[PDB]
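Chain by chain, the residues run as shown.
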Amino acid sequence: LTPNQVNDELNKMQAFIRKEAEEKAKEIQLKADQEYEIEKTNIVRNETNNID
Amino acid sequence: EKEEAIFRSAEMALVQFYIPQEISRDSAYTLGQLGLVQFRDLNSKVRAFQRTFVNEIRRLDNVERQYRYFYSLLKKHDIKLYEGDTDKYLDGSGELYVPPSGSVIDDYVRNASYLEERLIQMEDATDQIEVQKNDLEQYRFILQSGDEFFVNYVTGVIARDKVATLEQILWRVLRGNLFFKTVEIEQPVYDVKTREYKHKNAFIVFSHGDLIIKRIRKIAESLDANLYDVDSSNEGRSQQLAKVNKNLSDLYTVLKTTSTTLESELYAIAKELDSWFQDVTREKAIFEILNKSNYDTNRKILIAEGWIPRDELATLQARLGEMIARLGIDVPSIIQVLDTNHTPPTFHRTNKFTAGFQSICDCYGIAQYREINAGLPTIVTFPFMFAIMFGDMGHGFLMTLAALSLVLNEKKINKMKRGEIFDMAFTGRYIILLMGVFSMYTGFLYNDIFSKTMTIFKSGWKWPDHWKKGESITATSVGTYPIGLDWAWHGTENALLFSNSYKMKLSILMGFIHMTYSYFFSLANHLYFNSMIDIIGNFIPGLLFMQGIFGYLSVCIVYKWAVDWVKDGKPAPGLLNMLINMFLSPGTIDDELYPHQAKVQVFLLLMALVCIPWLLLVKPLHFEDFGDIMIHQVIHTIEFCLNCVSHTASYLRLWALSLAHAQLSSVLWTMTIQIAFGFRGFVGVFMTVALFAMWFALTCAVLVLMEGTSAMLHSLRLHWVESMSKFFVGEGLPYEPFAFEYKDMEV
Amino acid sequence: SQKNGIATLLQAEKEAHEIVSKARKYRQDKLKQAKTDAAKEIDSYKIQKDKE
């Protein structure tokens, strides 16, 4: 529309993609926590069973 | 919101696009309807396999091959292809004329890939089921001869074409000892090698020797033969007949069943296959055209460039209002004009009434950017040229009759199929109208209607009380027709030798006026460019050289038209005698057109000639210098200096054709009407009828068709090589916005 | 745009890549933490059984 507005369609979409990737990464960190949980529980179970 | 066709040209722009990648197809549906949109193909120096869209093109190729097979299987059957009126809904200029189509394109691919084998496996059965039926039926008639005799014996059936030779070779290979009786095939049947109803015969044979049996068996096949086996007993043959007869009703019915399926599904598919054809074509084309842009995974945006008109940015934004309406992502502007160093394309608009006129404008060639187009010159001059080619009242009126019929029937002709000979005819239906409406006027001044004249006005001419022909009779003038020429020039060769001289001058004068008018547009575009630094430095000689001679000759010509010479002591100077004097003499005219003109004609000539090298010095004075440009301007100087006179000379063909038409019309009239004048009411009326009919046959056919066909192309000459020589001094590449269109039967 | 898009869009895209790779390296450090967590669970409970 207005020529001066051509920077807004850049910066707002920059923010939109940034927040998309930010949510993706912040849930990937939760996935990392879940991986932590399972690979901790299974290893400790397997070792402690022989200890028992 | 357009151009004036005289000074205002088309003005446009280019930008770098930053469109989101996800709405590529979405944007394409919209801009593909009517957007005045073209792309600068940055996707260059790349191969098909070097491109990121080769995968879908082969899929659409396979489905269109499937559609071609659909064409084939359709036309090979009597059913007619229904075509709905949806093409009008799909061809035209609107606002959302192409509604967006979902991604069910792959569903179309799927169901097509399904139907292909669905129909192949169902159709490839009849070819067998029929031959099995035929073979069983043949076996049946073979067995029908159970009471005809005379492993242990051989049975078969052969065409009558070899019955005699076969029986003879049997008789002369088994050595004259055999039983061989036969019965003919009543109501024969077709063969299988050539599908031909060949007359047939069946035979029966018996012998004692088994060696004989094997010899017969292994000789029969070498020739056109069929083999079978039959029981010797009689009731055994009856049981064979019953068992082989039981299993043929199924064969009789299966073909009917498969047909019932075939036509049933053909009816349904026909309603949609035609539409889907052009539909899927639209998707392949739109994918292709969008594919010319550059994309990488680097950025979510898509790197694209294209070349867009500049006087419709507001309309483009409003139309993209839909982009932000339903599929909105809030990146509205994708337009930002930058600058380049290459010449922009040239393009303009067209209209229904000007289908033919505008085509011929760029058929010769396109003009460069902001270079004036000769639309109005084509509208005016070419029709007037054709009109002045010939002006018989009857011929012009008759030609216009067809034009009126075509224009009034255009209500349905616009939609009905245009015949091979009618395509171009319908293309320029509005041109012949102008042709004729100017032809009737041009011929009006000639006062010719099939070489006749009713003496509309009065001029007054002097004759004695009585006069016997064979003598030259002088009639003085007291005022001629205010409009046109008087009837007095309908007499002997004097009239023709005056009319030819009169007419050969106006042609030259009008040609000079027309070429001056065309050259007048030279500085128009340069002012449009504001390129006045040195362009006038070349327009000046190109004007003065031609004018100082041609305008001087024209003004001299009109000078005698005003002043008489019989009443003046000075005799009338020759029509063209002021040429040699300008060079051999230092100013001596010897024609005495005007005293003072003698001392100024050479002066005008010497100003005219002196600036010959004024063009070869201006170019090097720019600072720098390079050989090709001096060579180019030298060749331009010489070519123009010769082209002025070439054009001057070329204008006589107009009058040559005019007088040729007049003479042929006169001679045809003389050889038709005078012959028809045979006075007889018992057999002469029928002779008059026949002559009248053939006179129409010739007038309409050969005194119009060939003449007009030649005249239009001679006018095309007279327009092109004259105007465009110095008018279209540049070339611009065409603009062709991507848009939907219909497709139909073809390879 | 061009006078600013080449920079703003790069800020968006490389920022997204940086945060995503930050999540990835977080998950790798998290895998190391899971290994050492199984270790510390078998470094204490293993001897805890003998304590009881």
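Residues numbered from 1 in each chain as written, not as in the entry; some residues may be left out. Chains lettered and ligands numbered in written order. Part of a larger assembly, values for the part shown. Heavy atoms only, no water.

Structure determination for this PDB entry is given in the record as cryo-EM, at a resolution of 4.2 Å.

Colleague: Before we go on, may I ask you to explain the interface of chain C and chain B in this structure?
Modeller: Reports often express the size of an interface as the amount of accessible area lost when the parts come together. With four residues of chain C in contact, the opposing surface of chain B contributes six residues. In this assembly, chain C packs against chain B so that about 450 Å² is buried in total across both faces, 46% of it on carbon and sulfur atoms. Our count for the chain C to chain B interface comes out at zero salt bridges. Linking chain C to chain B there are three residue pairs in polar contact. Residue composition of the side of chain C that touches chain B, grouped by class: one nonpolar, two polar and one charged. (Contact = heavy atoms within 4.5 Å. Buried area = accessible area lost by both parts, 1.4 Å probe. Salt bridge = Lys/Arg side-chain N within 4 Å of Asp/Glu carboxyl O. Polar contact = N/O pair within 3.5 Å; in protein donor to acceptor, adjacent residues only side chain to side chain. Nonpolar A, V, L, I, M, F, W, Y, C, P; charged D, E, K, R; others polar.)

Colleague: Would you take a moment to explain the sheet that holds strand β2 (residues 38–39) of chain B for this structure?
Modeller: One key point about sheets: their strands pair by backbone hydrogen bonds, in either a parallel or an antiparallel sense. Residues and elements named next belong to chain B. Ordered by their spatial adjacency, three strands build an open sheet running β1-β7-β2, and the pairing between neighbours is antiparallel. Pairing within the sheet leaves two strands with one partner each, and these edge strands are β1 (12–20) and β2. The pairing of β2 with strand β7 (residues 301–309) spans two bridges and is classified as antiparallel. By the bridge assignment for β7, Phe 39 is matched with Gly 306. (Pairing = 2+ DSSP bridges. Helix = DSSP H or I, 4+ residues; strand = E, 2+ residues; numbered from the N terminus.)

Colleague: I would appreciate a short explanation of the interface of chain A and chain C in the present structure.
Modeller: On the side of chain C, 28 residues touch chain A, which itself brings 27 residues to the contact. Interface area for chain A against chain C, summed over the two sides, is near 2400 Å², with a carbon-plus-sulfur share of 71%. Among the residues chain A hides against chain C, the three largest losses belong to A:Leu10, A:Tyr36 and A:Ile51. Together they make up 23% of the total. Connecting chain A to chain C are one salt bridge. Between A:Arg18 and C:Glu15 there is a salt bridge; the shortest N-O distance is 3.7 Å. Between chain A and chain C we count two residue pairs in polar contact in total.

Colleague: What is the right way to read the packing of aromatic side chains from this model?
Modeller: Working definition: an aromatic ring pair is given by the centre-to-centre distance plus the angle between the planes. All names here are of chain B. Summed over all chains, the structure comprises 32 aromatic pairs over all chains. Seen from their ring centres, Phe 384 and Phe 438 are 4.6 Å apart, and the 10° between their planes marks the pair as stacked. Of this pair, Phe 384 sits in helix α12 (residues 375–389) while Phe 438 is found in helix α15 (residues 429–444), placing the two residues 54 residues apart along the sequence. For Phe 438, a relative accessible area of 18% gives the class buried. Judged by centre distance (4.7 Å) and plane angle (65°), the ring pair of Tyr 502 and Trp 561 falls under edge-to-face. Taken together, the positions of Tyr 502 in helix α16 (residues 493–519) and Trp 561 in helix α18 (residues 536–562) put the pair 59 residues apart, joining distant regions of the chain. Given a relative accessible area of 34%, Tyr 502 falls into the partly exposed group. (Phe/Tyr/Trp six-rings, centres within 6.5 Å; stacked < 30°, edge-to-face > 60°. Buried < 20%, exposed > 50% of the residue type's maximum accessible area, 1.4 Å probe, protein only.)

Colleague: How should I be thinking about the side chain of B:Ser293 in this particular structure?
Modeller: Residues and elements named next belong to chain B. With respect to the helices and strands, the residue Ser 293 is situated in the loop between α9 (249–290) and β7. A relative accessible area of 18% means that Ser 293 is categorised as buried. Sequence-distant contacts of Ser 293, defined by excluding residues within four places in its chain, comprise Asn 43, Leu 302, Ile 303 and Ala 304.

Colleague: Hey, could you run me through a positive patch on the surface in this one?
Modeller: A contiguous patch of positive charge, built from A:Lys24, A:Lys31, B:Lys300 and C:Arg24, is present on the exposed surface. Among the structural elements, C:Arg24 can be located in helix α1 (residues 5–51). (Patch = residues over 30% accessible without salt bridge, like charges linked within 9 Å, V, L, I, M, F, W, Y side chains within 5 Å. Areas by Shrake-Rupley, 256 points an atom, 1.4 Å probe, with all protein chains shown as cover. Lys, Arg positive; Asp, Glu negative; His and termini not counted. Charge placed at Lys NZ, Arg CZ, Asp CG, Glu CD.)

Colleague: How should the side chain of B:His348 be read in this particular structure?
Modeller: Residue and element names in this part refer to chain B. For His 348, the position within the fold is in the loop between α10 (313–320) and α11 (355–363). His 348 sits in the buried class, given a relative accessible area of 17%. Within polar-contact distance, the side chain of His 348 engages the side chain of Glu 3 at 2.3 Å. Discounting chain neighbours no more than four positions away, the residues touching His 348 are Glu 3, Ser 9, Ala 10 and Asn 373.

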